[PDB]
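Asker: just dropping in an experimental structure and the matching sequence.
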Amino acid sequence: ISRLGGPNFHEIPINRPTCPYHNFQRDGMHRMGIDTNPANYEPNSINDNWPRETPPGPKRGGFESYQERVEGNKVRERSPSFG
Amino acid sequence: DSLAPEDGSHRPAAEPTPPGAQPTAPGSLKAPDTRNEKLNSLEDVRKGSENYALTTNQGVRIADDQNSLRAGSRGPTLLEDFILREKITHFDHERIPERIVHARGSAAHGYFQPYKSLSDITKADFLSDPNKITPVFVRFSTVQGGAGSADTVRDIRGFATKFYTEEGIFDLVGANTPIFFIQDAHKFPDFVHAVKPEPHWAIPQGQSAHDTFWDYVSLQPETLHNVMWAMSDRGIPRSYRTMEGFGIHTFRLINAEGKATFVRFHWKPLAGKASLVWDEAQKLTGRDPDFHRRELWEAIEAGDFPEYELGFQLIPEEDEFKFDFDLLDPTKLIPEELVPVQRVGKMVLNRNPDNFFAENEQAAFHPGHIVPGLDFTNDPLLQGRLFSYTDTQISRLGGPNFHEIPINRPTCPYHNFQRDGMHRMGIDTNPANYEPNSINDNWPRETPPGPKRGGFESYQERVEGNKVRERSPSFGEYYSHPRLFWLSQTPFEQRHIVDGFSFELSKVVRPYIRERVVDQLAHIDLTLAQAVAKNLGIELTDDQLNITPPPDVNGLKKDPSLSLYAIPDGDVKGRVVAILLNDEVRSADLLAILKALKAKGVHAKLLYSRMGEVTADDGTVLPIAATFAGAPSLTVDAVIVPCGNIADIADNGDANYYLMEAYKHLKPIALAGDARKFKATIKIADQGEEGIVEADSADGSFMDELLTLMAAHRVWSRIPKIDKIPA
Amino acid sequence: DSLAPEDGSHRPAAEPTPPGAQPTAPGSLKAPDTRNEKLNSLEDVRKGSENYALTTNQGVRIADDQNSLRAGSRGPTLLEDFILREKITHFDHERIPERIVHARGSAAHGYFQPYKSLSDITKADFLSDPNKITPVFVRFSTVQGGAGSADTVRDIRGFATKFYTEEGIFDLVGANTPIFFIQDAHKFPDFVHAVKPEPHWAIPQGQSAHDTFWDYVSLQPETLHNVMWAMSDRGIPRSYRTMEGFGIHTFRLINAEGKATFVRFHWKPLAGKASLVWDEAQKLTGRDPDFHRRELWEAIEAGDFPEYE
Amino acid sequence: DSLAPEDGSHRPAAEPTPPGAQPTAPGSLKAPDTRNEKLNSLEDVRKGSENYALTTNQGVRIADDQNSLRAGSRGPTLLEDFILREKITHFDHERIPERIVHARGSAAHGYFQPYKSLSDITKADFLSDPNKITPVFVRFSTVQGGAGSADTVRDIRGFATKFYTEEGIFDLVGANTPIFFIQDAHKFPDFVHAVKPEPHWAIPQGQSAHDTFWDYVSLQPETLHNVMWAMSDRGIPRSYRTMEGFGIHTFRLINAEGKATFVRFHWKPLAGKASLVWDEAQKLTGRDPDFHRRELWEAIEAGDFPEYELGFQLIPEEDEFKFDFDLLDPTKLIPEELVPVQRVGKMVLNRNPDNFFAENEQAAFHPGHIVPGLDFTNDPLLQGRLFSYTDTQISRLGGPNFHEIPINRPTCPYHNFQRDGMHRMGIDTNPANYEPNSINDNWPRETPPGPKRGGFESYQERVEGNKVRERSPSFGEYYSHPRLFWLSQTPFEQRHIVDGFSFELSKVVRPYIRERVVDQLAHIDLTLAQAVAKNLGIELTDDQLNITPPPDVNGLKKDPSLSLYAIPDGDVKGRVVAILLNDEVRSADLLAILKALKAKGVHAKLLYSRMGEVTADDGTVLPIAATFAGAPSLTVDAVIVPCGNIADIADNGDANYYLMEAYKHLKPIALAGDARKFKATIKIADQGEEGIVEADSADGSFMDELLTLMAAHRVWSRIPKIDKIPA
Amino acid sequence: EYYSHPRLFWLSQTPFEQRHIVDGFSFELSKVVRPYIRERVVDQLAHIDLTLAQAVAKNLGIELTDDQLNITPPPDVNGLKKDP
Ligand code: HDD
Ligand code: HDD
């Protein structure tokens, strides 16, 4: 945000994905992309909810975190195992 | 040169003065004796002006500040004019990014004091002793509009309090409604974008009356509760002084023994609850877009300090699951009939800022700014808010040194190993910039948690579950709170809700979105849905007619604390009365009128068809504050027309319209002597009607009757009479 | 889930329609066949949306845009939710400083064409050939108010035209009155501070009716000429389409032989001159603060293209 | 906690101590009683540390600064950890843009005082009385490299002085050579881009030895004069204390009558002029890239305060066109033989900063920042500089309020109608933010120009001519100054210039560039041109050999003030001697050595093959400062090898190498008793050699000879002998 | 020179435009809290046109003084008494 001047640093040439990127984020300093989506939010019926979420799958699915088991108290504590 | 007028009328008196009597002024000049620790701490950066030479920013005296340096008096401006370039450069970079939301806000300084020690339930230092005074800086705001948007729009209002405590900044960042529109912070941008001006053309400003807002609302039923509050009169407060305040989220209080108590924060307006009516609020955005900002400032200058009572809804850890709704769900309120608000302390706002930009615009509030004795909960909206408020000021306030901006600075000590960053003010002398260190003997040092003055330690809440992107099933109920709110409103409040929805939906261009919202309302209450549907020329289907209403909230079919007006809490101090003058006013009425108002701290504005003066019947010279068109009825709370030469203003359209507008907006109207001729303007029968004070003169009970009407705020019985009337 | 109605009434017809007939929309969707060199040159950055997967800014498909990642469904949000932090970070940094002056403005794209070659008096390429079209982008504005202030206030209006010519950008940055309030730029900050919201309390917005402006005017008689224009009905135009445009200053035209000709620039509204009346304008700031922005956008959507000579 | 050593040896003594005796420290901790108005005025932002609690920036005490908040001790970090995020956020935004040029610099605080009142020629307040003490902040620098580049590169050096006068900030932003490379500010970006690291790969750092630099130079003959200074030993100063300072541009002095005098500013180093030799400089960039920064800091901590004499070259307005060069041409110097330097005052640098980032990195120097009594000229380089230095800190320092950053703040009053801007610190209480105003009675007010405390008024210079983008024909002469400079150097200085050009052009990959630069050298001097050409394997042409040299500068065929060494002025106070120890040192030698050095203020570093200590013959325990490899001879001014057990170090490669390096680099070497066996390693005749001190022991006479050699800096007669020593 | 153009503009307006100009100044000046500021502006209006000055002054309940009533109107602009 300070180093590259804002939240649009992914629009700097070198940082641009080569694959498609579409979402409901807008504006920010030095905004390059000009969005034509009628909607800047989801869910929306005005652009028939596009761009749309994608279920996780074997290929080309949405990102879904591994459902790791969490259990313990909220602590600021180093694990004894790291000692 | 020496341009002030001999007589010193350019300068306002440094003593409390009613609204409009003197030119308003910077707080330190208007009330120099009103102090607190934070106000005194700002003295290092306060800058005067009088008797000082005009200079550049580098301290060089300027000889000629009217002209650019040029080659010849009609020649080209030279690049060497550094005085011109510095003055234009500062001007050219004056603006900073406004807040993403709540850009429009009005702020003041004040103080807080607890009624009694709260040590049994919290170790927070500012609540530990009744004699402990905590300086505060409060900012009230709207949500959607930009910094230059209008004040009296229909919107939620922000209510942020910066508590400058002895153990750190505590920021209580709330709103004027007890719930928020969404459940999880991940959809904040979605909701905000939907309510903000649409991206193609940036319309509309300060309004949720547009397709994208209602599109989102219709697809996300969790928003219905707060939508109900916004559509009610709560969305158009009379002033920041007459609205409630809430922290919304369930937080924790942590005592010295380590016991956690759930808490919801409340602010009770000591001036009471009061709102405008839609037509007045909308019109008032046009006649005076700074109405709330002005009213706040002028109340403080008159000495009518906005006073609020901090209150706590306290829920034992063992009762976390005893309600129909989840305590961590921010779209759900905790009914006061179930959990009473316990009075905790008083906040008094008694001084305006010196410079709006420096103090108001640069102030940074953030709900993650808590102190030992307080803690968070897992409320999913609150959780995400903690990320946002530190993040956003890297752009808004240019960097991570924003706590060094005067208004944001802690009054208590602050020492750590953080260094550099843009705009670095503090010059650290610590030999070490890391810990652990031996070269400065590990200072500054960590401090263990303890009963008082100890380090922050989070409450050891048990966390158990899988890493999931999942809404708790307990959050999946959307209509029972909306319904509870609906049923707690008076009949005229309900009509106003119906009217808000109807008006807003009429501005939605795509008819199907209107139908879909109507379908949602039918899940809340049939009467409500039917009435809105009728105003939109939509017919409910038989299926919609049999949607079974949501269950009561823990057995409650209503809760009168949810209404603005069901339970009287009328305060008249700080209100204002318009006085329609004529060119031969009966001075006796005027003396009776003005003294009765002053006795109760009610202000008056003397209006006429032009500015200047008017001479009463006995030669008393009356100073005119404004013309009838210049200070419309929208800005006052009641109108009085004293006896005198009524034919002077009898056929004055503006004067007549003044009364028609105030009559329509349900404000008390009082007519003395021949001012009763105006009754035919508002269609009042000979025998009179509740809400209209009338008598042969302004003597006897005339002012007490008028003041009783003001105490009840508006004449709600007149609603049916306003239906027709062309105003 | 939440989808378009069956009838396709969510989307505006892509043809000229009268104000109110269809929901308004982005220019390239409303009038896809309306082109010019500048508009086409913007095609490298235009981004569609229909039929595309919702992603992060790094191009990663999002499975659930309804929730933060947390330990248990009633648990604390985790710091590793990069989807959430990217989304919030971008939101948190949406705003950029508004213009010091003229913050409130409405803009449109268009084209310019000279009536005849003006080569005898100027070698400027965009005025050299009657059949050589120059794409424009025009921004109309108010002066005092913020970007969120109202449109129909009493104020001077800005009229800025960006000409994308073959020999460079020419910006003709003017106003709706033929003069300005002050004589030397060194006093700009004094004049602007005087008309802007007063420094202690930041009131009033988009209004010159306050002590400091009249104080300045009273001590600086050079402001009287533009003040006269501001106080007239010129200060509350009915539409951006029905006001004059002026460059104010004397500039020069230079021809190919080196001759200099002094020039003052004018814009003549082909829809005529028309203003509101004060009571109407003031009430209109309340009933529709976006009236001029809305009126301009709808005129263009209707085929009633704002034309200036 | 208690990590500091119980003996207290982690904290440096708050007394002046020699280099390496103590750990260096923040200026106010090292010399707390060294005071000046500016330093005292920074006390409001200085922050301590000892005995304080570690806090967030919001003032919240931290209990555990070792761990993040996580669900279970091996669980995921939680988003609610605000203590972590604030610490990481600040860290993440620590860096600000470095200076476009002069990014690498070292700074210190001091004071200036005039020798006499200069009221006859200037009404500048800081020069009006010998008893007026003006605080200063001086930043020295290189030009090309980034902030992390090395100090002893070959480059021009910046010399900026911020004078905190009582009538404003006056920044004298100069360099260590009397001219600049270019004539018009419009070509600055071209020159800088040419010298800076090449655009595709960003190589090379801190060096002009690359194709683009020499390409630009070859095509722009105006650069040759400053190129000559840079290729001379002037480009590699021994220390910032031992180089000259110049303002470069002709400015104006304005007296009370309003008479203008043309002036060029000069800084004379009272420590004398001294430079390293190229191989020593280049190897010093690798052994200690912070050499100059360290030397400045350590001299001030030892009480060897860098002292400079301010001098003025004064030319009457009527003499403007009396030289055969234009006074406004920045590529032209004013020979001191023609216009003598008038000694005006003295500046003493006596205190280091507390925080480098806060005071040095954030300081903003600008040549435009002048005060009444001073004025510009039409120099086209200076003219364009006036736009830049204000402009550049809008990004570098984040906005238009950079003057509120502590180090930049004027000590005198500053008041104006400028408002807001990112990170606004000042809170203006003025009712008005415009002038003229009547509401604050027009304050702050303008001030007419006058003899003292008057507003700034530009000298009314007559401007006549057409608007033209054209170089003045008078500036079109490029070889006479270069020739004058060349002819004013000693034979060995000329030889180092030849070597400078030869080394640099050797690194230019495109051979035609080397040839074009040699062609330019042929317009300056045939001898210079032939010598450089022969090192490049280039043959001058017929025509090149016949180019007539440029004319003398106003009859001068040389000016000894342009040479570093032609006229003796060396000072040994503050220099350092390396003393090579052995395991049984003759304690009588040391005693004598150290006593003599301390009498002249020369420092010593005791070196051995390992750390710890050695014991002299009498049981004197001697503490080792560093190893031979640890503190190479590059870091000292001379090397002494005392008598004792020489066989302990006589086969020590590093010991022998220490002497060969010092020898190669023309440093005085002193050998006592059996240390004379080290003569074989540097091939010194039995009978001796000037520059090598040798005796049976290290006595008074021996120390006198060594100290005499050190005052002459280097042993120039040894040059023709270092050729045959493999080091 | 500050009054000739203001006056040229004033005389070029129709009667209803002139009234609207009057109403604009009167409205604006009524919102000026310091009365001396209003009076100073009215004084400046008397240097432009007395009919205009007097109409505003009356709406502000201000009386033009005898000196104000005797201020000579500014010269016409290169002979123009109006420009439609
Ligand atoms: C995750 C994002 C997030 C969420 C879900 C919320 N907001 Fe927020 N809030 C913002 C992100 C934010 C912000 C972008 O960080 C803001 C913009 C300006 C700033 O300083 O803070 C802000 C400011 C802001 C302020 C104005 C502070 C001032 O006056 O400067 C108010 C009173 C609140 N909001 C109140 C709330 C409450 C009652 C909300 C729901 C309980 C809420 N906000 C949800
Ligand atoms: C046209 C612009 C330009 C030109 C012609 C010059 N420079 Fe410069 N210089 C700058 C534009 C600038 C700058 C871009 O504005 C800088 C760098 C960063 C900053 O604060 O100022 C600066 C920094 C800077 C500094 C560093 C101040 C400090 O230590 O922070 C020194 C000593 C000089 N310059 C000196 C010179 C000399 C003596 C010049 C020729 C006589 C020269 N500059 C020409």
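Answerer: That came through, no problem. Residues are numbered from 1 along each chain as shown, chains lettered A, B, ... in the order given. Ligands and ions are numbered 1, 2, ... in the order given.

Asker: for residue A:44, give me its contacts.
Answerer: By CB atoms under 8 Å, 6 or more residues apart in numbering or on different chains, the contact list for residue A:44 reads A:38, B:194, B:212, B:215-216, B:219, C:2. Placement of C-beta: from N, CA and C, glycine included.

Asker: SS state for the closest residue to chain E within chain A?
Answerer: Among the residues of chain A, residue A:27 lies closest to chain E, at 35.9 Å counting by CB to the nearest CB. With DSSP: H, G, I helix; E, B strand; the rest coil as the basis, the three-state label of residue A:27 is coil.

Asker: burial of it, as a residue count?
Answerer: Taking other CB atoms under 10 Å in any protein chain shown as the criterion, the count of residues near residue A:27 is 19.

Asker: OK, contacts around it?
Answerer: Residues counted as contacts of residue A:27 (CB under 8 Å, 6+ apart) are C:94-96.

Asker: which strand or helix spans residue A:5?
Answerer: In this structure, residue A:5 sits in neither a helix nor a strand according to DSSP states H and E.

Asker: so it makes contact with residue A:30?
Answerer: Yes. Under the criterion of CB atoms under 8 Å, residue A:5 makes contact with residue A:30 at 6.5 Å.

Asker: ok, which stretches of chain A are helices?
Answerer: Counting by DSSP state H, chain A has no helices to list.

Asker: where exactly do the strands run in it?
Answerer: Counting by DSSP state E, chain A has these strands, from start to end: A:34-35, A:69-76.

Asker: need those in TSV (columns: distance to ligand 2 and mean neighbour count).
Answerer: Putting the strands of chain A into TSV (distance: least, CB to the nearest ligand atom, whole Å; neighbours: other CB atoms under 10 Å in any protein chain shown) gives the following:
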stretch	distance to ligand 2	mean neighbour count
strand A:34-35	34	18
strand A:69-76	42	19
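
Asker: closest one to chain D among these?
Answerer: With CB to the nearest CB as the measure, strand A:69-76 is the member of these nearest chain D (1.7 Å).

Asker: between that closest one and helix D:82-92, how many degrees?
Answerer: Here strand A:69-76 points in a direction 80 degrees away from that of helix D:82-92 (axes from the mean of the first three to the mean of the last three CA atoms, to 10 degrees).

Asker: name the nearest residue to residue A:25, ignoring sequence neighbours.
Answerer: For residue A:25, the nearest residue in space outside its immediate sequence neighbours is residue C:90; the separation is 4.2 Å by CB to CB, 6 or more residues apart in numbering or on different chains.

Asker: which residue lies nearest the spatial centre of chain A?
Answerer: Among the residues of chain A, residue A:23 comes closest to the average C-alpha position under CA atoms, centre = their mean, at 8.4 Å.

Asker: ok, now which ones touch that one?
Answerer: The neighbours of residue A:23, taking CB under 8 Å, 6+ apart as the test, are A:51, C:54-57, C:62, C:87.

Asker: neighbours around the residue of chain A found nearest ligand 1, how many?
Answerer: Per CB to the nearest ligand atom, residue A:7 is where chain A lies closest to ligand 1, at 12.4 Å. Summarising burial for residue A:7: neighbours were counted as other CB under 10 Å, giving 25.

Asker: could I get the phi/psi values of it?
Answerer: Recorded main-chain torsions at residue A:7 are phi -90, psi 0, according to degrees, to the nearest 10.

Asker: touching, it and residue A:26? I think so.
Answerer: No. With contact defined as CB under 8 Å, residue A:7 does not reach residue A:26; the gap is 10.4 Å.

Asker: closest point of chain A to chain C, which residue?
Answerer: Scanning chain A for proximity to chain C using CB to the nearest CB identifies residue A:62 as nearest, at 2.7 Å.

Asker: quick check: phi and psi on that residue?
Answerer: The phi/psi pair for residue A:62 (degrees, to the nearest 10) reads phi -70, psi 160.
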